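Number of protein chains: 2
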Amino acid sequence: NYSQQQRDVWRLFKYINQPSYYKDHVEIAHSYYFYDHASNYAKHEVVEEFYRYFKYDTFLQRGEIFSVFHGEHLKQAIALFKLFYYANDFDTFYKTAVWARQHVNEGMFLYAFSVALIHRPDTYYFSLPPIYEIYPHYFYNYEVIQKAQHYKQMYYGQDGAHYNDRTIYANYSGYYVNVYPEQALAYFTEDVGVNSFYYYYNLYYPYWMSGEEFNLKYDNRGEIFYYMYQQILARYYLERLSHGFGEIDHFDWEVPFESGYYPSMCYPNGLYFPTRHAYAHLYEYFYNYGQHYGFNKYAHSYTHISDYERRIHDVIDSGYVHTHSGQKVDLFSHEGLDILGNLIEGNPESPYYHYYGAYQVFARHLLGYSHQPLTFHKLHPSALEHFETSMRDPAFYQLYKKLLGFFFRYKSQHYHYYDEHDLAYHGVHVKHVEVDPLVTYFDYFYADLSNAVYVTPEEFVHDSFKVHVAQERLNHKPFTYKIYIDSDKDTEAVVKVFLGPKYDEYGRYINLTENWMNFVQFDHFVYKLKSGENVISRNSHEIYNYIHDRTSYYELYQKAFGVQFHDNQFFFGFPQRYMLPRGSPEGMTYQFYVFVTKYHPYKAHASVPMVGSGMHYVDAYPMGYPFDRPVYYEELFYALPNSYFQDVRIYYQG
Amino acid sequence: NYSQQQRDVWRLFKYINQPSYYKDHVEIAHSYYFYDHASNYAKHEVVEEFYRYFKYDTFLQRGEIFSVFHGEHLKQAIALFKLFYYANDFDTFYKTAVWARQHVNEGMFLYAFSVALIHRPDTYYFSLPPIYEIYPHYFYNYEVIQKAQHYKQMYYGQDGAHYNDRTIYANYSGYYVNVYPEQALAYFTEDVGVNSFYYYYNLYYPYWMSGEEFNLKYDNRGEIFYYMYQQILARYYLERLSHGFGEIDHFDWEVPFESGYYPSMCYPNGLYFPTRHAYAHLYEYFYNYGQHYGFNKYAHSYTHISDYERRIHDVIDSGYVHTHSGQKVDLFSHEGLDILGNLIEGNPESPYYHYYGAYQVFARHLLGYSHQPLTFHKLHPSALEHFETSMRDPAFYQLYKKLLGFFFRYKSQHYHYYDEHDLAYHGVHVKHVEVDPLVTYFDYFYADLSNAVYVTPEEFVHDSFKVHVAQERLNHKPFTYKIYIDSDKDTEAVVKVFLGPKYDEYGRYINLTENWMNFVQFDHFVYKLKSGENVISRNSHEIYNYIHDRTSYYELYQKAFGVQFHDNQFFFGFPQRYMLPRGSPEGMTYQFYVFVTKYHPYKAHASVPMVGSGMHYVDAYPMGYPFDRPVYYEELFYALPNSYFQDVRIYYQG
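Residue numbers (full-length UniProt numbering), protein chains in the order written: chain A, 25 to 587, 595 to 685; chain B, 25 to 587, 595 to 685.
Here's what the structure looks like:
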């Protein structure tokens with residue numbers, strides 16, 4: 025049944041670094057042969073491609089590091105995902121998944137299987153075990169994995185109820201070593217929930233998936249790319265303001281990269297993560313000094329980065345894009361932001377991928393600053409080269425701020441600033457907003473770390489060994505804010521609440537003209553107004569639209585994890608405990624912007640909740656609609672009756 | 025008995041990272057109290073000092089990294105060594121050793137115990153288990169330790185004769201990552217035998233031990249410092265010539281350090297070794313960027329290095345040393361090289377330690393290029409900051425070449441070049457030298473790696489788990505060289521054979537004037553000549569005087585390890608398999624210099640073989656006597672009848 029399919033899906037993720045020792049899994053893997061049948065998949069091309077990869081010494085063996093930002097790794101993972109996705113029936117998909125689990129590389133199998141599960145018509149609504157639990161090596165410092173393995177080695181017969189079911193109290197990166205100050209925001213950048221958010225966003229909309237083939241173009245994906253990255257940057261800026269940090273550092277490709285990253289994580293094969301030192305020179309000569317290369321295109325990541333940056337600048341200035349036809353494509357269309365997002369991201373929907381390329385891929389390779397692989401099968405990728413650990417690197421935020429500057433330039437040059445009438449909602453007036461005291465504190469979070477040790481077959485079958493990891497994760501006391509609206513008739517409005525800063529780290533007031541980009545979508549719902557006075561009450565545990573529209577969320581929770596506050600993986604999901612940025616004992620001061628507008632339903636492609644169905648969104652206004660473009664008159668945003676600015680102090684206790 | 029004492033000493037070194045689970049060890053540690061007795065040690069000051077360190081929160085707890093190049097680590101290790109050494113009877117020493125094993129930090133205990141054992145009157149002749157087996161984390165890449173721990177976790181009841189007694193085939197540093205080319209000589213720099221040699225040399229003559237208190241001044245220690253480091257540098261240069269490398273890179277403190285080091289080792293607490301990146305800036309600002317410091321003197325290692333280098337330059341130029349009396353001390357005495365060695369090294373015999381200081385300590389701290397410790401108990405030292413891993417870093421060789429340049433300057437300015445009469449041995453003529461074909465090849469070396477995993481008490485007591493590591497170590501086919509001498513009367517001569525290069529990496533002939541420093545002491549023995557023709561036959565397995573005089577060696581082998596080719600630890604010990612530098616299939620060409628001189632017995636302080644007894648040496652000539660100073664006429668060294676130059680090709684096969 026659906027419950028049994030869910031349980032089997034979860035079973036498939038146990039002890040990924042080891043072969044599946046379940047009897048059914050072993051039998052299925054040893055007896056099944058995808059190429060032998062070759063008829064149960066909707067397409068024979070996908071199976072033929074995967075067979076070509078698998079047989080003729082062009083496949084990533086078990087035990088090798090997998091990176092989705094390496095070309096051949098990506099090609100093989102795509103082939104496996106297509107094999108999983110084009111299974112005519114779920115039974116064939118399960119047999120293929122079991123075989124791949126037992127035979128295909130661990131990281132490659134995990135990525136292909138996850139993308140298939142979120143994207144398959146049948147298994148879209150399947151919950152997935154938290155990634156930080158499945159593959160913990162990417163989420164905890166090696167001082168935690170090594171301690172878990174200490175307990176595992178010591179747990180043998182003697183000393184019962186000792187070295188078992190033990191809680192490892194992990195610290196964040198800067199506890200032991202005095203790492204670079206930017207890594208002081210380690211409890212946020214290295215939070216398992218935030219990295220899970222980024223990883224699940226990339227699972228939902230992979231940078232290599234084509235919107236024509238996989239229906240991701242009905243979700244725009246360019247506006248998604250832009251809005252998701254801008255919201256991540258804005259939430260990071262809010263956290264930095266909380267901790268007294270300033271705006272994210274600006275960096276030049278031609279100046280030594282002033283920031284260094286010292287990861288504390290380790291690969292399951294005993295290989296430590298690459299380290300980027302302070303003031304690292306990013307030039308071909310310096311970042312390939314003392315290396316072989318010769319036929320590695322990533323060795324020249326600097327020249328490719330400069331080329332793609334130049335091309336993006338040119339297309340944004342002109343507003344005219346080059347296509348394979350070499351013709352003139354208008355970028356001023358209604359969906360010009362979408363075209364720009366596809367162009368910059370590098371997804372198969374890019375106007376000309378050969379010309380604009382994957383700027384982010386080469387930027388991550390260069391800023392990761394690790395040795396170029398001697399061979400395909402001997403690769404040493406950095407944090408920036410994985411989705412699960414990208415947010416841990418400050419260079420991640422600096423790189424994507426450099427990217428979003430391009431979108432800001434496009435909007436500034438080609439978008440007309442909103443006037444009073446465009447934002448006006450005649451007959452609606454937000455009288456005042458009451459928000460309960462916003463308090464943020466730290467609490468311990470317990471996660472099943474047992475997947476980081478090597479279990480014996482009996483232990484595997486019975487899960488006898490248990491080892492937890494406890495981590496201080498920011499949490500907030502539940503709050504409920506009220507919105508009072510005085511309408512003129514029974515209209516159907518859309519309410520959009522934003523969270524942004526009012527004062528910078530130096531206490532200076534930030535004008536909306538230089539502050540529109542720092543606003544974080546706090547809630548985005550639809551309310552049916554009535555003539556006269558209305559009161560809108562919203563709880564903290566009812567907000568599912570943080571920095572992202574998730575309208576069909578919680579119906580998947582009520583089914584999969586609804587058989595509380597359990598890692599969803601449904602849509603993207605920002606941690607409910609990280610919604611409010613850390614405050615101060617005195618209370619760092621932010622402001623909430625409340626907006627109300629008439630309903631504009633989105634062009635939903637289909638009713639079924641699914642990636643690419645278009646059912647995600649609330650309204651058809653541009654994402655972050657009031658602040659999606661530069662603001663030329665702050666007093667205009669203050670004077671709108673259907674708007675309201677309200678100031679709150681978030682209090683940190685601990 | 026002596027055998028039982030040896031077995032107990034070896035037992036003390038099992039599973040150092042874990043508490044000793046032997047019943048006797050636990051009983052002794054829990055019942056014994058060194059401060060409680062306080063009378064069994066020759067001095068109450070040492071016990072009082074160690075008690076002060078141990079009780080009042082100024083002691084290094086178990087599980088913390090220990091570095092002998094940190095001031096407070098060194099002070100505590102010295103206190104513990106003095107506690108071990110001043111045990112009036114061996115029984116008290118054993119009780120103290122057991123207690124420290126069970127209670128004192130692992131690295132600190134290991135260092136203090138080893139130094140005491142080599143330096144104690146009673147236990148000088150005790151063999152010690154190989155350091156690369158006792159504390160393998162400093163000798164193998166973490167890809168080996170993690171694999172051993174994989175096997176340990178998997179070895180539980182099921183799968184017998186599987187994951188036990190397994191051989192791990194380890195590779196050298198550049199196998200996986202394309203590390204900097206200087207790390208291509210990894211099979212030599214990272215050889216367990218060579219690093220054991222350096223570590224045992226530093227155990228025998230620690231940089232902090234006073235020659236007055238511990239009789240190390242009867243071994244000069246300054247000439248030892250110089251000659252040992254010069255011979256290490258020369259052997260490294262021979263290896264570099266074998267592999268086509270050139271002279272060791274010269275570096276300026278004021279220019280970015282062009283070489284980078286990427287260690288693959290990991291600390292037992294799951295912390296990866298520090299990495300030095302290519303072209304690392306060594307200035308205060310750059311190597312402390314983004315760090316706290318504030319009361320760390322090592323934070324200003326650059327200024328201290330410059331100061332001490334300036335002082336050393338000044339004293340070598342003047343030949344006049346500053347003392348606490350501030351008076352003029354002649355450096356031109358017979359033992360002026362000894363004074364210079366004590367001055368540069370920084371041992372308590374230094375003429376004024378406050379003024380000249382420990383140049384090597386700060387140089388290692390700076391070139392290690394790691395984060396300065398946030399606290400005494402949270403330290404992250406580099407390879408250069410341990411004796412067991414110093415030779416793995418190319419910066420080690422560059423640093424000590426920079427040091428030995430000072431001694432070269434002293435000798436060039438203040439020593440008169442030898443004439444024909446000084447080197448003459450009238451009546452002696454080396455007719456010709458025959459050396460068997462010198463062949464070097466690789467073979468697997470098996471070492472007990474079981475000490476890198478965590479065993480249960482029953483496994484500890486029975487040593488049930490066994491895991492070996494196999495490594496390709498250079499070995500040479502046994503050879504026997506003949507020396508023909510035509511004497512005039514029955515004299516007693518000293519034979520000194522040197523190994524040095526004839527052609528550089530570019531095929532150019534090296535003149536003795538620029539080649540005297542590159543000669544490696546191959547053998548140094550005494551033969552009783554007879555009137556007329558003599559023939560001297562020496563086997564390869566009878567040479568114990570490689571780059572170091574060990575006359576009282578092999579009598580300790582015949583007793584301790586003599587109850595073959597087992598890691599000695601007696602005196603220093605260069606690996607017998609690394610005596611001949613790797614050749615080439617065509618055969619890299621070197622030359623042997625054979626010298627004969629009349630006997631000059633050394634001023635032996637005592638007959639008993641022991642560190643500081645002066646019994647090490649063969650003759651009283653200056654170490655490397657023919658080549659201890661610059662050569663102003665190579666033809667002079669060729670024309671001496673009692674000398675002979677012979678060319679050999681060493682053939683590499685494999």
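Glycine included, each C-beta is placed from N, C-alpha and C at the ideal position.
With the cut-off set at 8 Å, would you say residue i and residue j are in Cβ contact?
i, j, result
"residue 418 of chain A", "residue 266 of chain A", "no"
"residue 647 of chain A", "residue 146 of chain A", "no"
"residue 97 of chain A", "residue 642 of chain A", "no"
"residue 484 of chain A", "residue 176 of chain A", "no"
"residue 88 of chain B", "residue 129 of chain B", "yes"
"residue 650 of chain B", "residue 669 of chain B", "no"
"residue 156 of chain A", "residue 414 of chain A", "no"
"residue 449 of chain B", "residue 171 of chain B", "no"
"residue 208 of chain A", "residue 198 of chain A", "yes"
"residue 394 of chain B", "residue 401 of chain B", "no"
"residue 587 of chain B", "residue 517 of chain B", "no"
"residue 245 of chain A", "residue 373 of chain A", "yes"
At the 8 Å Cβ level, is residue i part of the contact set with chain A, yes or no?
i, result
"residue 293 of chain B", "yes"
"residue 302 of chain B", "yes"
"residue 590 of chain B", "No coordinates exist for residue 590 of chain B; the numbering of chain B passes from 587 to 595 with nothing in between."
"residue 398 of chain B", "yes"
Distance cutoff 8 Å, beta carbons only. Does residue i sit that close to anything in chain B?
i, result
"residue 314 of chain A", "yes"
"residue 169 of chain A", "yes"
"residue 402 of chain A", "yes"
"residue 477 of chain A", "yes"
"residue 481 of chain A", "yes"
"residue 174 of chain A", "yes"
"residue 240 of chain A", "no"
Tell me which residues share the same chain as residue i and place their Cβ nearer than 6 Å to its Cβ, disregarding the 5 neighbours each side in the sequence.
i, result
"residue 122 of chain A", "49, 52, 53"
"residue 268 of chain A", "529"
"residue 259 of chain B", "544"
"residue 77 of chain A", "83, 100, 103"
Can you round the beta-carbon distance between residue i and residue j to whole angstroms, since I take them to be within the 8 Å contact cut?
i, j, result
"residue 515 of chain A", "residue 553 of chain A", "5 Å"
"residue 293 of chain B", "residue 411 of chain B", "Between residue 411 of chain B and residue 293 of chain B the Cβ distance is about 20 Å, and since that is not below 8 Å, they are no contact."
"residue 526 of chain A", "residue 659 of chain A", "That belief does not hold up - the Cβ atoms of residue 526 of chain A and residue 659 of chain A are roughly 20 Å apart, past 8 Å."
"residue 520 of chain A", "residue 656 of chain A", "7 Å"
Considering only the alpha carbon of each residue, which of the options lies closest to residue i?
i, options, result
"residue 537 of chain A", "A:663, A:188, A:90", "A:663"
"residue 166 of chain B", "A:290, A:231, A:374", "A:290"
"residue 608 of chain A", "A:310, A:335, A:548, A:499", "A:499"
"residue 493 of chain A", "A:433, A:680, A:475", "A:475"
"residue 429 of chain B", "B:190, B:517, B:623, B:333", "B:333"
"residue 270 of chain B", "B:422, B:163, B:70", "B:422"
"residue 329 of chain B", "B:296, B:381, B:311", "B:381"
"residue 32 of chain B", "B:141, B:264, B:132, B:90", "B:141"
For residue i, which residues from the same chain have a beta carbon less than 7 Å from its beta carbon, with the 5 sequence-adjacent residues on both sides left out?
i, result
"residue 458 of chain A", "505, 506"
"residue 420 of chain B", "408, 414"
"residue 151 of chain B", "30, 584, 585, 600"
"residue 399 of chain A", "none"
Enumerate in chain order the residues of its own chain whose CB-to-CB distance from residue i is below 8 Å, with the five nearest sequence positions on each side excluded.
i, result
"residue 397 of chain B", "94, 320, 403, 404"
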